[PDB]
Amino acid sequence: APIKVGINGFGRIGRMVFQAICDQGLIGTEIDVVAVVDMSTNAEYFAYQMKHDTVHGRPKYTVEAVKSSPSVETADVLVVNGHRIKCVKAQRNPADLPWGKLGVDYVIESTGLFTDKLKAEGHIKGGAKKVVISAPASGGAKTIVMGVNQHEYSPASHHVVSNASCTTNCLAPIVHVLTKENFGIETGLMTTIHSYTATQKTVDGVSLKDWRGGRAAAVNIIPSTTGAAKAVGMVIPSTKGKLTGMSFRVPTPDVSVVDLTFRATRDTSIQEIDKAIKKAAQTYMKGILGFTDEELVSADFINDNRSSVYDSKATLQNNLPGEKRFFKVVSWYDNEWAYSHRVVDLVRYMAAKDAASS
């Protein structure tokens, strides 16, 4: 019973999620990407945008652009591994989307302009059944971080779900094992060295909301705020008002690291922490949280689909020798690749549970 999904906003995130679907070989069999919606319907451009990626390389599948009617001037259909995907024209209000007429049940909202529970619900008024916002949402939409609180998802109450942010999906797992393994977390501050994103500018440009963020991205270290910290609070209730962090945008196309600094509740050691994370990574967090014993650098995580991959050497080596409460944990993440796979995971999960509960 192919999950009928539709992508709204075929940009970095959008394509990444689609590529995530194809990559896992779900296209056609498990998931049915009925269509993608964007300011353009030029299937040839998307084809080009999917066949070539500066950071992730070439896709393992074949992509081709075709016309729906020999009548049309430019291709408006995308064919991936045989499957046909319609390139729908973008709309102002989601409610004006032919989701219903297309048979789309799950809508992947990745335009970044409908991060509000209310506005996002327009997709349901357009014929959709469920909406996954590929970013942090407001308006009180249920936020889920695969591997930490998917079970809290209710097919009957939650219709607009948020997968949180790429950053949150790296911290939450760590924090989860930290609290689950009773290490406790009195308070904690986290710093994130992040790769520049699409919202940044190549040369000092305009940015009325984030002045610093409007400066030459590839040649500056740009500080910035991040709700990723507080956000972990919605996913892990016991951490509300206990966390907060900041971000440092630095000259790299992709892959970011997280430097979590926290104070435990009871005496403990960095080795105890180190072993727990690894243990958890080999058990209830396997697939979501991983680790490494090697001397790696950002590029070594490109295309790593774990939400958070703990740096053992970095952590063990940079903590006070005999400290018992004040600690620093380091974990990496491929902000683009990993988050993409999680989006898909959430959809499949939602789909399954939505079907089971009938």
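Numbers for residues come from their place in the sequence shown, where the first is 1.
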Next on the checklist: On mean Cα temperature factor in this entry, is 149-157 or 219-227 the higher one?
Outcome noted: 149-157
Checklist entry - Per the PDB record, is the mean Cα temperature factor higher over 308-316 or over 34-42? => result 34-42
Checklist entry - From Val297, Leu26, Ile302, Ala47, can you pick the one with the highest C-alpha B factor in the entry? => result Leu26
Next on the checklist: Checking the record values for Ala276, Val132, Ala172, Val206, which has the greatest CA B factor?
Outcome noted: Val206
Item to check | CA B-factor placement of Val55, once the chain's modelled residues are sorted into thirds | outcome: lowest
Checklist entry - In terms of the CA temperature factor given in the entry, to which third of its chain does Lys142 belong: lowest, middle or highest? => result middle
Checklist outcome for this item: On the chain's distribution of Cα B-factors, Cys22 falls within the third called highest
Checklist entry - What third of its chain's C-alpha B-factors does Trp211 belong to: lowest, middle or highest? => result highest
Item to check | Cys166 - Cα temperature factor, lowest/middle/highest third of chain | outcome: lowest
